[PDB]
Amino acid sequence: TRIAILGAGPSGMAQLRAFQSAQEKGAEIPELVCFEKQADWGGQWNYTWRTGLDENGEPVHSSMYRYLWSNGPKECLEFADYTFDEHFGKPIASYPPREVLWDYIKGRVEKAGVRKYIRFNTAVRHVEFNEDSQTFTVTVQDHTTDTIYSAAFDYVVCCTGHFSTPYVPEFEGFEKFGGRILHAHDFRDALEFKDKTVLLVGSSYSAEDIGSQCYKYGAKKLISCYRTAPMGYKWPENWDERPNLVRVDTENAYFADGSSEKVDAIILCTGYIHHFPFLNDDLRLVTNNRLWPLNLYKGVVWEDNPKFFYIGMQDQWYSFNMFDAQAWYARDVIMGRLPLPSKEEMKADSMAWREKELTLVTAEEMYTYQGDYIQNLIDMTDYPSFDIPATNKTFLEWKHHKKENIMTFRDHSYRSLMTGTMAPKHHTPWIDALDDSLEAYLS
């Protein structure tokens, strides 16, 4: 009895870890094969200089850029089964850079020795369900041998993410503009925009942070523009918020303001689409980015075919944490530990969650909702319960720190909820930590 895991990001890693933990406690687990299109694990967190299409011609997966740092409290994403203390030996600050959290998540799966289940440099092409044999045929392309083969599986868990395929709206005049146009996804070294004016379309995390990053590394000027509401923070002297872009010139941008500016480069921070080109409509999740996509029982079991699962397909306040709660749940249903109700009951449950999701107005209500969801997940499972209300509170502080000063929210520290140890302040304040390396952050 055999399981396919699509992707070796945090969720892929989590799913392997879940099975490995059940085996460590002495259960008999199914056989596992995890397919990954990259040469190494970590999903988003595996940095690449590459852009658009990778060396094999697959879409480039990582949206991460130089100088990226955790954008929420470390302690809100700590593994309940593998603490920051265990991995690093010492306390560290609360907003580690990319390389640092990369090392962290790799650490857990290194210790667990699950790498052996992964076939790297292998792209998933197709997943089909065979009614007659009640199994899945997974077709993949191995770019090391340049071969396309397929295998049979009893269950499939999809962990391929939903922040990689850019949503890139068109604006009148883009075909005439003379500077670079790119999506947030293709943003790499902030230095390429030193001494330049940068338009940033959009009003969410990518806008906030890519702006910040351009500012931090010496851009002349920054302009955000928003579809519905303005971001709201107090931006430095050389950064304006204007209502939405409307058209574009050989060298200028034009807003619903009626205003005008010379612009060097436009970065579309307009989000991503859920895109699964390896799935047919019988298995393919279709949703906008949100806290409660429909058709997932407990947010992970595919309602039309419960032998297929999805991990981390929700919008994220929590992350690593959540994927774990999900992977532990998925594994337990795969292992027969948690039998599924009938299809009608699944559908009714999911509707109840959706109703509640529509109730949400404030940031606080939103992550508390994710919190309740995770709470419901971890109570069903092996997975160590931890203080969710206390994690909610940490998000609340984090929100405040951003409102106080959007350029110094990374300079604060919070209490781990696994160990209790409060985090030190970091040796360099954010604006001045120009070196982004593990090396430089840990010394």
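Note that residue numbering follows the sequence shown and begins at 1.
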Quick note on 403 to 411 and 62 to 70: per-entry mean CA temperature factor is higher in 403 to 411
Assert higher mean C-alpha B factor (238 to 246 or 323 to 331, deposited values) equals 238 to 246
When the entry's CA B-factors for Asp154, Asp315, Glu261, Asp281 are compared, the highest one belongs to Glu261
One of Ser204, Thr160, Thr165, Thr287 has the largest Cα B-factor in the entry, namely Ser204
Binned into thirds over the chain's modelled residues, the C-alpha B-factor of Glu110 lands in the middle
Of the three thirds of Cα B-factor ranks in this chain, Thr421 occupies the highest
On the chain's distribution of Cα B-factors, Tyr149 falls within the third called lowest
The third of the chain into which the C-alpha temperature factor of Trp398 falls is the highest
Entry-reported C-alpha B-factor of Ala363 relative to its chain, by third, is highest
